[PDB]
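Take a look at the structure set out below.
Every read-out reported here was derived from the displayed coordinates using simple, explicitly stated rules and does not represent laboratory data. A quick note on method: Cβ atoms are made from the backbone with ideal geometry, for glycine too, and the neighbour counts reach across all protein chains shown.
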Amino acid sequence: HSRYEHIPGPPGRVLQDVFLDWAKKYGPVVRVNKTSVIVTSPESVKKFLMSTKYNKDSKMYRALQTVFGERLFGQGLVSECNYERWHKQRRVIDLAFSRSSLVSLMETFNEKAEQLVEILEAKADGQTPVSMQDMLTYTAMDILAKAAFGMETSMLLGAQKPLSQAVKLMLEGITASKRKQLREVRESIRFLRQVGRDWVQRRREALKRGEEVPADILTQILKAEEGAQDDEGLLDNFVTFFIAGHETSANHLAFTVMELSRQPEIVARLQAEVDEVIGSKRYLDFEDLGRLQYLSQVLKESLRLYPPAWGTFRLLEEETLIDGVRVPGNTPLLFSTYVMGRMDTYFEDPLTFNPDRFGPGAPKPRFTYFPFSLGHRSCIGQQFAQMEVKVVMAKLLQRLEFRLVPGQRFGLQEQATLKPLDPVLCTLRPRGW
Ligand code: HEM
Ligand SMILES: O=C(Nc1cc(-c2cnco2)cc(C(F)(F)F)c1)c1cccc(Cl)c1
């Protein structure tokens with residue numbers, strides 16, 4: 001008998017959907033086959049995520065650390081599982097995500113969002129198909145590169161297609177872990193790290209010549225590595241931020257645009273809100289963001305049904321009773337905001353898209369909703385992400401109407417993160433048509 005055999009479990013669709021079916025059938029503690037245990041009670045979410053006693057399970061993060069023998073995220077901020085090592089770097093990099101730091105990024109967010117809208121407006125003939133997944137990804141990449149690194153990827157101009165291909169193949173590599181695929185994945189990872197080395201060299205050379213370098217994420221990434229023996233830790237975090245800083249944001253934007261294409265009444269309300277708050281202004285100030293209350297709620301509801309980062313793992317070190325189930329020591333505990341978001345025990349009519357769930361008067365979900373995770377290992381980029389997505393969405397809503405091309409699906413794919421299966425192909429018209 002397996003050490004886990006006694007635990008309840010089985011004897012456009014994703015693995016997370018199978019997990020949801022099993023959680024509904026088998027209850028709050030379910031074995032899935034490494035063997036992990038999916039824990040879906042809010043009591044468990046609170047117990048394990050809100051304590052520094054419980055740390056990430058390194059075995060479950062190996063696929064981010066190294067892919068086919070090529071160091072990827074290595075021991076960067078996401079994939080480092082040793083508390084003390086993580087804590088040291090977290091505290092330093094946190095400085096780049098202060099309120100004042102993020103306020104300064106509004107210029108970048110505005111400029112890239114405006115560039116996107118202008119590109120889209122020229123195609124708004126109600127006929128030309130536009131992949132909103134692609135366009136939102138390019139926007140997210142361009143935002144990240146500029147905001148975090150002071151680098152112009154110019155993906156919105158159709159530049160850096162090799163870099164684009166490298167990201168794609170790398171993401172495929174994470175999932176995979178024959179002949180040509182290994183070659184393409186390995187070279188793509190080395191490419192991304194090389195991008196890092198090139199840019200860090202440029203930064204250091206600029207600093208030496210006494211040129212102006214605005215403090216950014218890269219500043220703190222460098223700071224975290226002060227007096228390191230090599231640059232491998234630095235490049236770990238370069239790649240971590242390069243990828244994490246755009247991928248989930250892009251996914252979230254794509255899901256939101258996809259969902260809203262079948263929510264005309266919600267779209268009408270969103271259009272009205274932007275009209276009242278910002279009017280025809282070309283630029284959103286920081287104070288405008290807080291005023292976009294209904295948009296905030298829509299984006300929260302989007303993350304409930306469509307969290308790009310579906311959850312997290314913690315290592316259970318000692319045998320523990322969890323919701324009446326004996327769980328052996330040395331076991332990965334799997335938490336899923338995707339699963340809990342779709343369980344009727346936690347959310348009434350879970351498949352209904354209802355922004356009012358996040359309304360001012362509504363009881364806030366208690367440990368049943370965590371698209372940015374919870375506790376010490378929550379997303380460092382949460383406020384960064386929320387700001388940039390609000391800027392992008394507000395400008396789209398100001399200027400454009402979108403219709404999803406018939407045949408386009410609302411299904412998901414799972415490729416390290418969750419994202420729309422289809423390209424979110426739309427036709428566009430200017431608002432007032
Ligand atoms: C809507 C967009 C985003 C979502 C849904 C999201 C979600 C998450 C989640 C669920 C985690 C926990 C991951 C885990 O436990 O394995 C996480 C961690 C992280 N995210 Fe994000 N994220 C987003 C945007 C960003 C952005 C914009 C950045 C950087 C600019 C970023 C960088 C990170 C980093 C570095 C971590 C690791 C934090 C730590 O452990 O100290 N994310 N994010
Ligand atoms: O792949 C995992 N996490 C992941 C997170 C992010 C992220 C977080 N914040 C912003 O982007 C981005 C990525 C990607 F590289 F695909 F873009 C992957 C992973 C690996 C092992 C276990 C678990 Cl639970 C999750």
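Points to keep in mind about this one:
- Computed on the Cα trace of region 56-96, the radius of gyration divided by the Kirkwood hydrodynamic radius gives Rg/Rh = 1.02.
- Under the Karplus curve 6.51 cos²θ - 1.76 cosθ + 1.60, θ = phi - 60°, whole-Hz ³J(HN,Hα) for region 104-111, x wherever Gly or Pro sits: 5, 8, 4, 4, 5, 4, 5, 5
- C-alpha center-to-center spacing [region 153-170, region 37-98] in angstrom: 28 Å
- Between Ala215 and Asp134, the modelled labels are 4.1 nm apart [label points 7 Å from Cα along Cα→Cβ].
- Calculated log₁₀ intensity ratio I(q)/I(0) where the Debye formula runs over C-alpha points of region 1-72, q = 0.18, 0.26 Å⁻¹: -0.93, -1.18
- Given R0 = 25 Å, the distance between the Cβ atoms of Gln201 and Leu157 translates into a calculated FRET efficiency of 0.55.
- Over every Cα atom in region 172-214, the radius of gyration and the widest Cα-Cα span, Dmax, amount to 16.1, 48 Å.
- Over every Cα atom in the chain, the radius of gyration and the widest Cα-Cα span, Dmax, amount to 21.8, 67 Å.
- Nearby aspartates and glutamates by direct alpha-carbon distance to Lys25 (threshold 16 angstrom, same-chain neighbours under 8 apart not counted): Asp17, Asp323, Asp344
- With all pairs of separate Cα atoms included, region 1-149 yields a Kirkwood hydrodynamic radius of 20.1 Å.
- The loop-placed trypsin sites (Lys or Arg not before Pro) in region 53-114, going by DSSP, that have at most 12 neighbouring Cβ atoms within 10 Å of their Cβ come out as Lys53.
- Couplings 3J(HN,Hα) for region 68-73, derived from phi with the Karplus relation 6.51 cos²θ - 1.76 cosθ + 1.60 (θ = phi - 60°), are 6, x, 10, 4, 10, 8 Hz, where x marks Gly and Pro.
- Straight-distance candidates among the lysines for linking to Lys53, with alpha-carbon spacing under 21 Å and chain neighbours fewer than 8 residues away dropped: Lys88.
- Extending 7 Å from the Cα toward the beta-carbon at both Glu232 and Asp275 defines two label points whose distance is 5.9 nm.
- With helices as the sole contributors, the chain gives -15000 deg cm²/dmol at 222 nm; each DSSP H run of n ≥ 4 counts as -39500 (n - 2.57), and the sum is divided by every residue.
- Residues with amide H under 5 Å from that of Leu400, placed H, sequence gap 5 or more: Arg431
- Across region 330-404, counting alpha-carbon atoms alone, Rg and Dmax equal 15.8, 53 Å.
- In order through region 269-279: 3J(HN,Hα) via Karplus (6.51 cos²θ - 1.76 cosθ + 1.60), integer Hz, x for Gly, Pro: 5, 5, 4, 5, 5, 4, 4, 7, 7, 10, x
- Of all DSSP beta bridges in the chain, antiparallel share, percent nearest 5: 95 percent
- Here the simple spin-label model places points 7 Å from the Cα toward Cβ, and for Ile119 and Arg262 these points are separated by 2.7 nm.
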